[PDB]
Amino acid sequence: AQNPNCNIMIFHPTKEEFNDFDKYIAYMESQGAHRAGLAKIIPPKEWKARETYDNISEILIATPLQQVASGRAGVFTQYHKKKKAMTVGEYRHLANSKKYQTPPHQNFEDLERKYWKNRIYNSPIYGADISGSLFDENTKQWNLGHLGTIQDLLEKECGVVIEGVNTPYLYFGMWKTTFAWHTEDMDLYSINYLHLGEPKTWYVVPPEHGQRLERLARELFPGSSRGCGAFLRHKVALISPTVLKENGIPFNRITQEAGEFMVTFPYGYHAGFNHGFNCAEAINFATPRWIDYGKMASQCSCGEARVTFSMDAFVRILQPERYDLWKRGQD
Ligand SMILES: O=C(O)CNC(=O)C(=O)O
Ligand SMILES: [Mg+2]
Ligand code: NI
Ligand SMILES: [Zn+2]
């Protein structure tokens, strides 16, 4: 068995190997990359996502989200308070302000310490979940707006044609902006490209150990767990590496820098934070190996998770027994 300790693997594809996306994902899996839940892909030196980032300031962040924490430093939830619209240039200026900017630090480990010590005492503003792309249309390799769609994969594997679309999303971050512990919708893969700016630190639980994280989460967030049998689908709970280690939960960590891709694998729980002003692009995708994860994915039916249009068909076809209850939670 390849990668039996479930370490995060880092890949350096050549420009030739960068042509065929599906083939390279399958290659990484042949080397055991999925066992970690997360892999890093450093593009060949010949590649670029676009020519420059000099002309992005007029992108609108219609609903910036202020991420307000509750709990203790290592075990907290966050809620998202909607703020007034602002442009990316306005948001960049805000991120760099004295109130929001990254503090002085020695290295990534010192900043990580500061994040976990101090996160809860601040409410950073995240420009998350903005439909759009920053890849140039002429970038032919690993262009996250040009991937094979999940609807097409389901149709190719299972024979059933379904409605729905699959487009990317932009994330504008600042120091302390946080992504809570989650797996993807329908335990899909994700791919995330950090276009510019400061790093993003990731934590990940191997897919084979995901239920250990779920059991801890039920213990640590006991009201939430009574409310919903899949409350991590709400994407609000944070648990620090120190607390994970104290509770024996297997995990790994890695820092993504500008110009690097990360792939999350089916049922790989992940969480993390941004170091400072940045912009990432991410999308979900599927492969043949996903189908069995999709069929077994938990679902939130309490009403909280509310998701895209395109998840309806995935539930309907892969999980027909669950469909009626899940759709009620959508309505
Ligand atoms: O970058 C973020 O805020 C969150 N991203 C992801 O969870 C991902 O790419 O799967
Ligand atoms: Mg612009
Ligand atoms: Ni994710
Ligand atoms: Zn729920």
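Compute the separation of the alpha-carbon centres of region 35-56 and region 284-311 and state it in Å as a whole number.
26 Å
Any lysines with Cα under 25 Å of the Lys81 Cα? List them, leaving off those in the same chain fewer than 8 positions away.
Cα-Cα hits under 25 Å: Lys98, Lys99, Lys114, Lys117, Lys176, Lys200, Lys235.
If the rule is a partner Cβ under 4.7 Å, which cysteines in the chain fail it?
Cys6, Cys158, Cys279, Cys300
Can I get the semi-axes of the chain's equivalent ellipsoid? Compute them from the C-alpha gyration tensor as square roots of 5 times the eigenvalues, in angstrom, largest first. Let's see the in-between values first.
Details: eigenvalues 148, 129, 89 Å².
Working from the Cα gyration tensor, I get semi-axes of 27, 25, 21 Å.
Mind putting together the pair-distance distribution for region 69-213? All Cα pairs, 10 Å bins, whole percent per bin, short to long.
Going out from 0 Å in 10 Å bins, region 69-213 shows 8, 30, 35, 20, 6, 0 percent.
With +1 on each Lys and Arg Cβ and -1 on each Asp and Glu Cβ, and nothing else charged, work out how big the dipole of region 137-191 is about its Cα centre, in Debye to the nearest 20. Walk me through the numbers on the way to the answer.
Numbers: 3 positive and 8 negative charges, 69 e Å.
Here region 137-191 has a charge dipole of around 340 debye.
Under the definition of Cα pairs under 8 Å and six or more residues apart, what whole-number percent is the relative contact order of the chain?
Relative contact order, the chain: 23 percent.
Specify the inter-centroid distance of region 110-128 and region 147-212, based on alpha-carbon positions, in whole Å.
22 Å
In nm, to one decimal, how far is the modelled label at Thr255 from the one at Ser123, with both set 7 Å along Cα→Cβ?
Rounded to a tenth, the inter-label distance reads 2.9 nm.
Hey, which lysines would be in cross-link range of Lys140, C-alpha to C-alpha under 18 Å, not counting anything within fewer than 8 residues on its own chain?
Candidates past the 8-residue exclusion: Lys15, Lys23, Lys45, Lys48.
Ranked highest first by average number of other Cβ atoms within 10 Å, how do 319-326, 293-300 line up?
Details: 319-326: 13.2, 293-300: 18.9.
Averaged packing, sorted descending, gives the order 293-300, 319-326.
Work out the length of the dipole vector of region 208-275 about its Cα centre, built from +1 on the beta-carbon of each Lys and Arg and -1 on the beta-carbon of each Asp and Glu, and round it to the nearest 20 debye. Mind showing how you got there, number by number?
On the way: 8 positive and 6 negative charges, 63 e Å.
My answer is approximately 300 debye.
Evaluate the relative contact order of region 157-289 (contact order divided by residue number), counting alpha-carbon pairs under 8 angstrom at least 6 apart; express in whole percent. Before the final figure, lay out the partial values.
Values: 246 pairs, mean separation 74.1, N = 133.
This gives 56 percent for region 157-289.
Just name one of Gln256, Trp181, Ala1: the one whose Cα is farthest towards the positive end of the charge dipole of the chain (beta-carbon charges, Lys/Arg +1, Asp/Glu -1).
After comparing all options, I get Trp181.
So, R0 is 41 Å and r is the distance between the beta-carbons of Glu58 and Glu157; what FRET efficiency does that work out to, to 0.05?
Working: r = 41 Å, r/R0 = 1.00.
For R0 = 41 Å, the calculated efficiency reads 0.50.
Take the alpha carbon gyration tensor of region 32-87, find the square roots of its eigenvalues, order them as a ≥ b ≥ c, and report rounded if a/c is under 1.5; if not, report prolate when a/b exceeds b/c, else oblate. Walk me through the numbers before you get to the answer.
On the way: a/c = 3.93, a/b = 1.17, b/c = 3.36.
Oblate is the answer for region 32-87, as a/c is 1.5 or above yet b/c matches or exceeds a/b.
Size of the dipole of the chain about the Cα centre, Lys and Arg at +1 and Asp and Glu at -1 on the beta carbon, nothing else charged, in debye to 20? Working shown, then result.
Details: 38 positive and 37 negative charges, 311 e Å.
Dipole of the chain, to the nearest 20 debye: 1500 debye.
Among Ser190, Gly329, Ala36, which residue has its Cα positioned farthest towards the positive end of the charge dipole of the chain, with +1 placed on the Cβ of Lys and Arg, -1 on the Cβ of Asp and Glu, and the dipole taken about the Cα centre?
Working it through, the farthest residue towards the positive pole turns out to be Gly329.
Report the calculated FRET efficiency for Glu17 and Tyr323 (r = Cβ-Cβ distance, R0 = 35 Å), to the nearest 0.05.
Values: r = 40 Å, r/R0 = 1.14.
Efficiency computed from Cβ-Cβ geometry: 0.30.
When we count neighbours, we look across all protein chains shown, and the Cβ atoms used for this are built from the backbone with ideal geometry, even at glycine. Every number in this text was worked out from the coordinates using simple rules, so none of it is lab data.
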